[PDB]
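A.B. asks: Sharing target.cif below, mmCIF, C-alpha atoms and all ligand atoms:
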data_my_file
loop_
_atom_site.group_PDB
_atom_site.id
_atom_site.type_symbol
_atom_site.label_atom_id
_atom_site.label_comp_id
_atom_site.auth_asym_id
_atom_site.auth_seq_id
_atom_site.Cartn_x
_atom_site.Cartn_y
_atom_site.Cartn_z
ATOM 1 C CA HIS J 1 87.438 98.217 86.655
ATOM 2 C CA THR J 2 85.479 101.439 87.260
ATOM 3 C CA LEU J 3 83.267 103.949 85.360
ATOM 4 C CA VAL J 4 81.756 107.378 85.961
ATOM 5 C CA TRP J 5 78.089 107.479 87.000
ATOM 6 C CA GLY J 6 77.678 111.268 86.834
ATOM 7 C CA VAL J 7 78.947 114.510 88.315
ATOM 8 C CA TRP J 8 77.945 116.889 91.053
ATOM 9 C CA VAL J 9 78.257 120.675 90.804
ATOM 10 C CA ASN J 10 78.673 122.541 94.071
ATOM 11 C CA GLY J 11 77.429 119.459 95.910
ATOM 12 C CA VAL J 12 74.324 119.163 93.744
ATOM 13 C CA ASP J 13 73.926 115.855 91.916
ATOM 14 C CA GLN J 14 73.408 116.438 88.177
ATOM 15 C CA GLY J 15 71.884 112.972 87.870
ATOM 16 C CA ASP J 16 72.835 109.813 85.980
ATOM 17 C CA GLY J 17 75.071 111.052 83.176
ATOM 18 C CA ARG J 18 75.909 107.732 81.487
ATOM 19 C CA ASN J 19 75.665 108.229 77.689
ATOM 20 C CA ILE J 20 73.981 111.568 78.440
ATOM 21 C CA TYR J 21 76.749 113.972 79.473
ATOM 22 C CA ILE J 22 79.448 111.346 79.967
ATOM 23 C CA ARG J 23 80.907 109.795 76.807
ATOM 24 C CA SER J 24 80.515 106.447 78.487
ATOM 25 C CA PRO J 25 82.232 103.320 77.182
ATOM 26 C CA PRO J 26 80.181 100.071 77.087
ATOM 27 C CA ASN J 27 81.801 98.678 80.175
ATOM 28 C CA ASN J 28 84.370 99.271 82.910
ATOM 29 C CA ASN J 29 87.305 97.620 81.057
ATOM 30 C CA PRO J 30 90.619 99.544 81.225
ATOM 31 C CA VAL J 31 92.288 101.159 78.309
ATOM 32 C CA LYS J 32 95.897 99.937 78.090
ATOM 33 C CA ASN J 33 97.097 100.763 74.562
ATOM 34 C CA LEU J 34 98.985 104.042 74.908
ATOM 35 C CA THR J 35 98.899 104.613 71.149
ATOM 36 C CA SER J 36 95.142 104.004 70.733
ATOM 37 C CA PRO J 37 92.576 106.741 70.082
ATOM 38 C CA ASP J 38 90.861 105.018 73.043
ATOM 39 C CA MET J 39 93.243 107.028 75.274
ATOM 40 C CA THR J 40 91.396 110.224 74.383
ATOM 41 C CA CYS J 41 87.939 109.523 75.904
ATOM 42 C CA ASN J 42 87.849 105.701 76.084
ATOM 43 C CA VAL J 43 86.401 103.330 73.503
ATOM 44 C CA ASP J 44 83.198 105.199 72.520
ATOM 45 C CA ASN J 45 84.210 108.812 71.985
ATOM 46 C CA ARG J 46 81.234 110.598 70.412
ATOM 47 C CA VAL J 47 79.173 113.661 71.190
ATOM 48 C CA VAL J 48 76.464 112.831 73.748
ATOM 49 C CA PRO J 49 73.317 114.987 74.001
ATOM 50 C CA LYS J 50 73.891 117.006 77.199
ATOM 51 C CA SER J 51 76.627 119.234 78.585
ATOM 52 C CA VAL J 52 76.527 120.115 82.276
ATOM 53 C CA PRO J 53 76.391 123.884 83.007
ATOM 54 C CA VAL J 54 78.941 125.226 85.478
ATOM 55 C CA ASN J 55 80.579 128.551 86.285
ATOM 56 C CA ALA J 56 84.218 129.286 86.959
ATOM 57 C CA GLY J 57 84.914 128.644 90.665
ATOM 58 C CA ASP J 58 82.363 125.828 90.873
ATOM 59 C CA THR J 59 83.232 122.477 92.396
ATOM 60 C CA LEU J 60 82.810 119.744 89.782
ATOM 61 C CA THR J 61 82.750 116.278 91.291
ATOM 62 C CA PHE J 62 83.199 113.087 89.323
ATOM 63 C CA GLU J 63 81.442 110.065 90.810
ATOM 64 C CA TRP J 64 82.868 106.662 89.942
ATOM 65 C CA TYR J 65 81.370 103.217 90.501
ATOM 66 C CA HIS J 66 82.202 99.576 89.773
ATOM 67 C CA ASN J 67 79.003 97.677 88.902
ATOM 68 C CA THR J 68 76.316 99.704 90.663
ATOM 69 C CA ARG J 69 76.238 103.231 92.059
ATOM 70 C CA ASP J 70 78.073 103.780 95.360
ATOM 71 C CA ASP J 71 79.392 100.238 95.506
ATOM 72 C CA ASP J 72 82.997 99.143 96.109
ATOM 73 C CA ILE J 73 83.933 101.736 93.409
ATOM 74 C CA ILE J 74 87.124 99.999 92.200
ATOM 75 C CA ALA J 75 89.051 96.923 93.348
ATOM 76 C CA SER J 76 91.403 97.723 96.259
ATOM 77 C CA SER J 77 94.230 96.172 94.257
ATOM 78 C CA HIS J 78 94.110 98.969 91.675
ATOM 79 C CA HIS J 79 96.455 101.363 93.567
ATOM 80 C CA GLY J 80 97.477 104.357 91.521
ATOM 81 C CA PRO J 81 97.141 108.069 90.793
ATOM 82 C CA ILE J 82 94.255 110.248 89.639
ATOM 83 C CA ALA J 83 94.464 113.174 87.213
ATOM 84 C CA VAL J 84 91.915 115.454 85.603
ATOM 85 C CA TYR J 85 92.421 117.236 82.311
ATOM 86 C CA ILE J 86 90.401 119.819 80.366
ATOM 87 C CA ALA J 87 90.181 120.493 76.630
ATOM 88 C CA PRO J 88 87.913 122.618 74.403
ATOM 89 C CA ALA J 89 85.017 120.432 73.232
ATOM 90 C CA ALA J 90 85.583 121.688 69.665
ATOM 91 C CA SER J 91 88.937 119.817 69.706
ATOM 92 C CA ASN J 92 87.149 116.487 70.145
ATOM 93 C CA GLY J 93 90.216 115.859 72.334
ATOM 94 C CA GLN J 94 92.586 115.922 69.304
ATOM 95 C CA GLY J 95 95.866 117.835 69.243
ATOM 96 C CA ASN J 96 97.902 119.314 72.084
ATOM 97 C CA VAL J 97 94.790 120.289 74.013
ATOM 98 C CA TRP J 98 94.607 118.455 77.332
ATOM 99 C CA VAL J 99 95.510 120.754 80.237
ATOM 100 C CA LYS J 100 96.037 119.126 83.601
ATOM 101 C CA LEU J 101 93.876 120.519 86.407
ATOM 102 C CA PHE J 102 94.575 117.948 89.087
ATOM 103 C CA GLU J 103 97.138 115.379 90.151
ATOM 104 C CA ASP J 104 97.176 113.114 93.175
ATOM 105 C CA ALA J 105 99.415 110.030 93.351
ATOM 106 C CA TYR J 106 100.275 109.128 96.930
ATOM 107 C CA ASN J 107 99.671 110.836 100.269
ATOM 108 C CA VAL J 108 102.764 110.373 102.442
ATOM 109 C CA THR J 109 100.979 111.311 105.701
ATOM 110 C CA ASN J 110 98.017 108.957 105.197
ATOM 111 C CA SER J 111 100.108 106.280 103.404
ATOM 112 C CA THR J 112 97.353 106.073 100.770
ATOM 113 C CA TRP J 113 97.264 106.172 96.995
ATOM 114 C CA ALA J 114 94.696 108.350 95.232
ATOM 115 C CA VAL J 115 92.676 105.241 94.341
ATOM 116 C CA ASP J 116 92.648 104.124 97.956
ATOM 117 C CA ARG J 117 91.129 107.463 99.022
ATOM 118 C CA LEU J 118 88.753 107.445 96.037
ATOM 119 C CA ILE J 119 87.173 104.300 97.449
ATOM 120 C CA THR J 120 86.881 105.938 100.858
ATOM 121 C CA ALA J 121 85.300 108.935 99.097
ATOM 122 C CA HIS J 122 82.555 106.724 97.609
ATOM 123 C CA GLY J 123 84.016 107.262 94.133
ATOM 124 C CA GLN J 124 84.085 111.079 94.303
ATOM 125 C CA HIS J 125 86.913 113.458 93.402
ATOM 126 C CA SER J 126 86.618 117.102 92.441
ATOM 127 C CA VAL J 127 88.200 119.949 90.566
ATOM 128 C CA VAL J 128 87.370 123.634 90.804
ATOM 129 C CA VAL J 129 86.285 124.959 87.412
ATOM 130 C CA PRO J 130 89.016 127.291 86.082
ATOM 131 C CA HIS J 131 88.625 130.866 84.844
ATOM 132 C CA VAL J 132 88.805 129.978 81.147
ATOM 133 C CA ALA J 133 86.600 131.211 78.314
ATOM 134 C CA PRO J 134 82.863 130.494 78.593
ATOM 135 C CA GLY J 135 82.117 127.644 76.202
ATOM 136 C CA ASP J 136 81.966 123.891 75.837
ATOM 137 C CA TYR J 137 84.691 121.719 77.309
ATOM 138 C CA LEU J 138 85.647 118.134 77.903
ATOM 139 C CA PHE J 139 86.808 117.205 81.387
ATOM 140 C CA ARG J 140 88.817 113.987 81.169
ATOM 141 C CA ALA J 141 89.185 112.140 84.446
ATOM 142 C CA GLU J 142 91.887 109.476 84.489
ATOM 143 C CA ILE J 143 92.602 106.779 87.055
ATOM 144 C CA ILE J 144 95.766 104.801 86.499
ATOM 145 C CA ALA J 145 95.717 101.408 88.191
ATOM 146 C CA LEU J 146 99.338 100.286 88.611
ATOM 147 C CA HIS J 147 98.833 96.723 89.953
ATOM 148 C CA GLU J 148 100.191 95.245 86.666
ATOM 149 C CA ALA J 149 102.236 98.269 85.635
ATOM 150 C CA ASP J 150 105.649 96.615 86.118
ATOM 151 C CA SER J 151 105.081 95.362 82.558
ATOM 152 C CA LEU J 152 104.437 97.485 79.466
ATOM 153 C CA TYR J 153 101.269 96.743 77.508
ATOM 154 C CA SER J 154 103.203 97.286 74.291
ATOM 155 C CA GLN J 155 105.537 94.404 75.270
ATOM 156 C CA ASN J 156 102.981 92.237 77.093
ATOM 157 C CA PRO J 157 99.333 92.996 76.343
ATOM 158 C CA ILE J 158 98.072 90.826 79.186
ATOM 159 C CA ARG J 159 99.603 93.363 81.607
ATOM 160 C CA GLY J 160 100.397 97.089 81.742
ATOM 161 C CA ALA J 161 99.182 100.250 83.452
ATOM 162 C CA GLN J 162 95.386 100.406 83.321
ATOM 163 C CA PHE J 163 93.663 103.649 82.358
ATOM 164 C CA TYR J 164 90.104 104.329 83.480
ATOM 165 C CA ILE J 165 89.245 107.355 81.366
ATOM 166 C CA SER J 166 86.017 109.263 81.363
ATOM 167 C CA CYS J 167 85.139 112.436 79.419
ATOM 168 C CA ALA J 168 82.373 114.668 80.790
ATOM 169 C CA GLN J 169 80.782 117.341 78.584
ATOM 170 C CA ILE J 170 80.813 120.522 80.652
ATOM 171 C CA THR J 171 79.684 124.007 79.596
ATOM 172 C CA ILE J 172 81.292 126.925 81.412
ATOM 173 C CA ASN J 173 78.769 129.772 81.465
ATOM 174 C CA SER J 174 80.041 132.525 83.764
ATOM 175 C CA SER J 175 83.785 133.130 83.712
ATOM 176 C CA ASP J 176 85.914 136.284 83.552
ATOM 177 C CA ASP J 177 88.502 134.353 81.553
ATOM 178 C CA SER J 178 91.275 135.715 83.760
ATOM 179 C CA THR J 179 93.320 132.555 83.056
ATOM 180 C CA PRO J 180 92.913 131.708 79.338
ATOM 181 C CA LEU J 181 93.223 127.976 78.614
ATOM 182 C CA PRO J 182 96.833 127.229 77.513
ATOM 183 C CA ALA J 183 97.815 124.485 75.065
ATOM 184 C CA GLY J 184 97.890 120.986 76.458
ATOM 185 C CA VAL J 185 99.223 117.501 75.775
ATOM 186 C CA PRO J 186 97.794 114.982 73.271
ATOM 187 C CA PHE J 187 95.955 111.827 74.254
ATOM 188 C CA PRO J 188 96.980 109.492 72.809
ATOM 189 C CA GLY J 189 100.604 110.683 72.795
ATOM 190 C CA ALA J 190 101.458 112.307 76.124
ATOM 191 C CA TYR J 191 102.179 108.896 77.684
ATOM 192 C CA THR J 192 104.741 106.611 76.100
ATOM 193 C CA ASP J 193 106.572 103.566 77.331
ATOM 194 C CA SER J 194 109.371 105.734 78.734
ATOM 195 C CA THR J 195 107.163 108.336 80.400
ATOM 196 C CA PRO J 196 107.741 108.374 84.203
ATOM 197 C CA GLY J 197 104.933 106.684 86.143
ATOM 198 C CA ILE J 198 103.737 104.420 83.318
ATOM 199 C CA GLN J 199 105.991 101.534 84.339
ATOM 200 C CA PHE J 200 106.395 101.083 88.074
ATOM 201 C CA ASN J 201 106.522 98.258 90.556
ATOM 202 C CA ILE J 202 104.264 99.214 93.464
ATOM 203 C CA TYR J 203 105.192 96.003 95.353
ATOM 204 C CA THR J 204 108.967 96.712 95.702
ATOM 205 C CA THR J 205 109.331 100.427 95.134
ATOM 206 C CA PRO J 206 108.235 102.818 97.934
ATOM 207 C CA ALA J 207 105.244 104.879 96.838
ATOM 208 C CA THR J 208 107.124 108.020 97.899
ATOM 209 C CA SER J 209 109.383 107.427 94.904
ATOM 210 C CA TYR J 210 106.435 107.303 92.470
ATOM 211 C CA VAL J 211 106.456 110.100 89.924
ATOM 212 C CA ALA J 212 103.133 110.492 88.136
ATOM 213 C CA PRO J 213 103.173 110.915 84.359
ATOM 214 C CA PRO J 214 103.700 114.497 83.227
ATOM 215 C CA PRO J 215 102.420 116.948 82.442
ATOM 216 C CA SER J 216 102.589 119.130 85.543
ATOM 217 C CA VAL J 217 99.400 120.711 86.797
ATOM 218 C CA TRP J 218 98.683 124.031 85.146
ATOM 219 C CA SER J 219 99.297 127.156 87.271
ATOM 220 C CA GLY J 220 95.710 128.204 86.353
ATOM 221 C CA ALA J 221 94.257 125.160 88.154
ATOM 222 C CA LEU J 222 92.117 126.157 91.170
ATOM 223 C CA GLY J 223 92.541 122.943 93.096
ATOM 224 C CA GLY J 224 90.679 119.774 93.741
ATOM 225 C CA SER J 225 90.327 116.914 96.122
ATOM 226 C CA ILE J 226 89.552 113.281 96.526
ATOM 227 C CA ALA J 227 86.704 113.464 99.012
ATOM 228 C CA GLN J 228 83.001 112.725 99.133
ATOM 229 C CA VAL J 229 80.829 115.806 98.381
ATOM 230 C CA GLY J 230 77.417 114.170 98.173
ATOM 231 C CA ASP J 231 75.535 111.152 99.505
ATOM 232 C CA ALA J 232 74.278 108.945 96.670
ATOM 233 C CA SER J 233 71.783 107.240 99.040
ATOM 234 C CA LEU J 234 69.987 110.616 99.424
ATOM 235 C CA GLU J 235 70.360 112.402 96.034
HETATM 236 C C1 LIG O 301 97.131 99.911 69.739
HETATM 237 O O1 LIG O 301 96.409 100.905 69.035
HETATM 238 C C2 LIG O 301 97.052 101.200 67.779
HETATM 239 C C3 LIG O 301 96.393 102.419 67.219
HETATM 240 O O2 LIG O 301 95.000 102.207 67.156
HETATM 241 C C4 LIG O 301 96.845 99.952 66.932
HETATM 242 O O3 LIG O 301 97.338 100.173 65.622
HETATM 243 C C5 LIG O 301 97.589 98.791 67.570
HETATM 244 O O4 LIG O 301 97.362 97.611 66.822
HETATM 245 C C6 LIG O 301 97.084 98.586 68.998
HETATM 246 N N1 LIG O 301 97.805 97.554 69.707
HETATM 247 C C7 LIG O 301 97.098 96.503 70.147
HETATM 248 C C8 LIG O 301 97.898 95.333 70.625
HETATM 249 O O5 LIG O 301 95.862 96.477 70.089
HETATM 250 CU CU CU O 302 89.850 96.288 87.237
#
Starting from the file, lay out its structure as structure tokens.
Ligand SMILES: *[C@@H]1O[C@H](CO)[C@@H](O)[C@H](O)[C@H]1NC(C)=O
Ligand SMILES: [Cu+2]

C.D. replies:
Amino acid sequence: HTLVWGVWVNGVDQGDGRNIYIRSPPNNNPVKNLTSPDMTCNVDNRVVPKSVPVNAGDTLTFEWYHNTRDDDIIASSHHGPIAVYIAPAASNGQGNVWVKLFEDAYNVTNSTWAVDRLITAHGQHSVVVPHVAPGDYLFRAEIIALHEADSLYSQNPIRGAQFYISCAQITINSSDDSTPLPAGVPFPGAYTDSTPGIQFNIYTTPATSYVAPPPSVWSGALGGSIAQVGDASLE
């Protein structure tokens, strides 16, 4: 169970974004129903009043939390990958629009899942803003907790992969648009019960065999990290 508090841009805290520039759900409950509209931007997808200004090449950092800011972030048990997607805001996240900017499942050297390192990073993971058209976008951060993912939700609704999905309203101001935004996958729709990385047993299967759900990261992605950028105790 985890939620986004806000974002940072180039290491500058944009402030509490909950229901302001994040389309925040009412609580930190996972989405599990792969067919639900809740997969798009979680259970309360609506336009919120603010959209954070960035430029292409900026570092945009999502900051997650559990109950309060800069707490335990997410239960240790919730091992799994992290992805970030982007879509034009005009889409409202409908259609084949979600382009993947970031994927991290499991770091072989460190022996740590993305979620494990997210905790260590005080809830913070980043993407570099791509050189798409200036305009309004949705950045959809997605944490998949796999601790009950050996079952399918569709078969057993008490279990299943858990999706912690947060859509941030971001406005790209300066960009040369050298990498126009390509089509993307639909949410709901890109993940089905037979998609790799939806059903997995993290207890018996080595993490080095885990394949995260497609799609692949777009060649226009400028990178990202799971790493603390800013200190919530100070700003
Ligand atoms: C999953 O969501 C679909 C689409 O909204 C809905 O029809 C279906 O009943 C849901 N399944 C469960 C068990 O909620
Ligand atoms: Cu949880």

A.B. asks: Take the PyMOL selection byres (((chain J and resi 187) around 8) and not hetatm), run it mentally on this structure, and tell me the resulting residues as an mmCIF file with C-alpha atoms, in the frame of the given file.

C.D. replies:
data_model
loop_
_atom_site.group_PDB
_atom_site.id
_atom_site.type_symbol
_atom_site.label_atom_id
_atom_site.label_comp_id
_atom_site.auth_asym_id
_atom_site.auth_seq_id
_atom_site.Cartn_x
_atom_site.Cartn_y
_atom_site.Cartn_z
ATOM 1 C CA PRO J 37 92.576 106.741 70.082
ATOM 2 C CA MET J 39 93.243 107.028 75.274
ATOM 3 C CA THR J 40 91.396 110.224 74.383
ATOM 4 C CA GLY J 93 90.216 115.859 72.334
ATOM 5 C CA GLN J 94 92.586 115.922 69.304
ATOM 6 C CA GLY J 95 95.866 117.835 69.243
ATOM 7 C CA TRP J 98 94.607 118.455 77.332
ATOM 8 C CA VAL J 185 99.223 117.501 75.775
ATOM 9 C CA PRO J 186 97.794 114.982 73.271
ATOM 10 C CA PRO J 188 96.980 109.492 72.809
ATOM 11 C CA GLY J 189 100.604 110.683 72.795
ATOM 12 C CA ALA J 190 101.458 112.307 76.124
ATOM 13 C CA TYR J 191 102.179 108.896 77.684
#

A.B. asks: Kindly indicate which residue among J:110, J:55, J:147, J:34 lies nearest to residue J:195, using only C-alpha atoms for the distances.

C.D. replies: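 Distance minimum relative to residue J:195 lands on J:34.
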
A.B. asks: Provide the atom CA of residue J:57 to atom CA of residue J:103 distance in Å, to one decimal place.

C.D. replies: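 Between atom CA of residue J:57 and atom CA of residue J:103 the gap works out to 18.0 Å.
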
A.B. asks: Using the chain letters and numbers from the file, give me the residues hit by the PyMOL selection byres (((chain J and resi 176) around 9) and not hetatm), as a PyMOL selection string.

C.D. replies: chain J and resi 56+131-134+174-175+177-179

A.B. asks: Rank J:220, J:15, J:180, J:213 by their smallest atom-to-atom distance to residue J:128, using only C-alpha atoms, and report the top residue only.

C.D. replies: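 Counting only C-alpha atoms, the residue closest to residue J:128 is J:220.
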
A.B. asks: Would you kindly translate the PyMOL selection byres (((chain J and resi 108) around 12) and not hetatm) into the concrete residues it picks from this file, as a list in words?

C.D. replies: residues 104, 105, 106, 107, 109, 110, 111, 112, 113, 114, 206, 207, 208, 209 and 210 of chain J

A.B. asks: In Å, rounded to a single decimal, give me how far atom CA of residue J:157 is from atom CA of residue J:74.

C.D. replies: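 Computed distance, atom CA of residue J:74 to atom CA of residue J:157, equals 21.2 Å.
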
A.B. asks: What does the distance between atom CA of residue J:181 and atom CA of residue J:7 come to in Å, to one decimal place?

C.D. replies: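 Atom-to-atom, atom CA of residue J:181 to atom CA of residue J:7, that is 21.9 Å.
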
A.B. asks: Can you check which parts of chain J lie within 8 Å of ligand CU 302 (chain O)? Per residue, the shortest pair of atoms and distance in Å to one decimal, counting only C-alpha atoms and all ligand atoms, sorted by chain and number, as a Markdown table.

C.D. replies:
| residue | atom | partner | partner_atom | distance |
| --- | --- | --- | --- | --- |
| J:1 | CA | O:CU302 | CU | 3.1 |
| J:2 | CA | O:CU302 | CU | 6.8 |
| J:28 | CA | O:CU302 | CU | 7.6 |
| J:29 | CA | O:CU302 | CU | 6.8 |
| J:30 | CA | O:CU302 | CU | 6.9 |
| J:74 | CA | O:CU302 | CU | 6.8 |
| J:75 | CA | O:CU302 | CU | 6.2 |
| J:78 | CA | O:CU302 | CU | 6.7 |
| J:145 | CA | O:CU302 | CU | 7.8 |
| J:162 | CA | O:CU302 | CU | 7.9 |

A.B. asks: Could you write out the selected residues, including C-alpha atoms, as a PDB file, keeping the file's coordinate frame?

C.D. replies:
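Produced file out22.pdb, reproduced below:
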ATOM      1  CA  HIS J   1      87.438  98.217  86.655  1.00  0.00           C
ATOM      2  CA  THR J   2      85.479 101.439  87.260  1.00  0.00           C
ATOM      3  CA  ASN J  28      84.370  99.271  82.910  1.00  0.00           C
ATOM      4  CA  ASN J  29      87.305  97.620  81.057  1.00  0.00           C
ATOM      5  CA  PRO J  30      90.619  99.544  81.225  1.00  0.00           C
ATOM      6  CA  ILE J  74      87.124  99.999  92.200  1.00  0.00           C
ATOM      7  CA  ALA J  75      89.051  96.923  93.348  1.00  0.00           C
ATOM      8  CA  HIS J  78      94.110  98.969  91.675  1.00  0.00           C
ATOM      9  CA  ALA J 145      95.717 101.408  88.191  1.00  0.00           C
ATOM     10  CA  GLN J 162      95.386 100.406  83.321  1.00  0.00           C
TER      11      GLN J 162
END

A.B. asks: My list of candidates is J:226, J:81, J:102, J:160. Which is closest to ligand LIG 301 (chain O) when distances are computed with all atoms listed in the file?

C.D. replies: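 Nearest candidate to ligand LIG 301 (chain O) out of J:226, J:81, J:102, J:160: J:160.
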
A.B. asks: List the neighbours of stretch 67-72 of chain J out to 9 Å using only C-alpha atoms; skip same-chain residues closer than 2 positions along the sequence, and give me the result as a PDB file with C-alpha atoms, in the coordinates of the input.

C.D. replies:
ATOM      1  CA  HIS J   1      87.438  98.217  86.655  1.00  0.00           C
ATOM      2  CA  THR J   2      85.479 101.439  87.260  1.00  0.00           C
ATOM      3  CA  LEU J   3      83.267 103.949  85.360  1.00  0.00           C
ATOM      4  CA  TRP J   5      78.089 107.479  87.000  1.00  0.00           C
ATOM      5  CA  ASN J  28      84.370  99.271  82.910  1.00  0.00           C
ATOM      6  CA  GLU J  63      81.442 110.065  90.810  1.00  0.00           C
ATOM      7  CA  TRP J  64      82.868 106.662  89.942  1.00  0.00           C
ATOM      8  CA  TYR J  65      81.370 103.217  90.501  1.00  0.00           C
ATOM      9  CA  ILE J  74      87.124  99.999  92.200  1.00  0.00           C
ATOM     10  CA  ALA J  75      89.051  96.923  93.348  1.00  0.00           C
ATOM     11  CA  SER J  76      91.403  97.723  96.259  1.00  0.00           C
ATOM     12  CA  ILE J 119      87.173 104.300  97.449  1.00  0.00           C
ATOM     13  CA  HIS J 122      82.555 106.724  97.609  1.00  0.00           C
ATOM     14  CA  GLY J 123      84.016 107.262  94.133  1.00  0.00           C
ATOM     15  CA  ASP J 231      75.535 111.152  99.505  1.00  0.00           C
ATOM     16  CA  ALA J 232      74.278 108.945  96.670  1.00  0.00           C
ATOM     17  CA  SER J 233      71.783 107.240  99.040  1.00  0.00           C
TER      18      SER J 233
END

A.B. asks: Each side padded by 3 Å, which centre and which edge lengths in Å (one decimal) define the axis-aligned box around the listed atoms of ligand LIG 301 (chain O)? Give them as JSON.

C.D. replies:
{"center_x": 96.4, "center_y": 98.9, "center_z": 68.1, "size_x": 8.9, "size_y": 13.1, "size_z": 11.0}

A.B. asks: Could you give me the residues within 6 Å of ligand LIG 301 (chain O), counting only C-alpha atoms and all ligand atoms, as an MDAnalysis selection string?

C.D. replies: chainID J and resid 33 35:37

A.B. asks: Write out as an MDAnalysis selection string each polymer residue whose atoms come within 9 Å of residue J:92, counting only C-alpha atoms; drop sequence neighbours fewer than 4 positions from it.

C.D. replies: chainID J and resid 40 45:47 87:88 138

A.B. asks: Measuring between all atoms listed in the file, which one of J:184, J:17, J:197, J:11 shows the shortest distance to residue J:211?

C.D. replies: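 So, comparing all the options, the nearest one is J:197.
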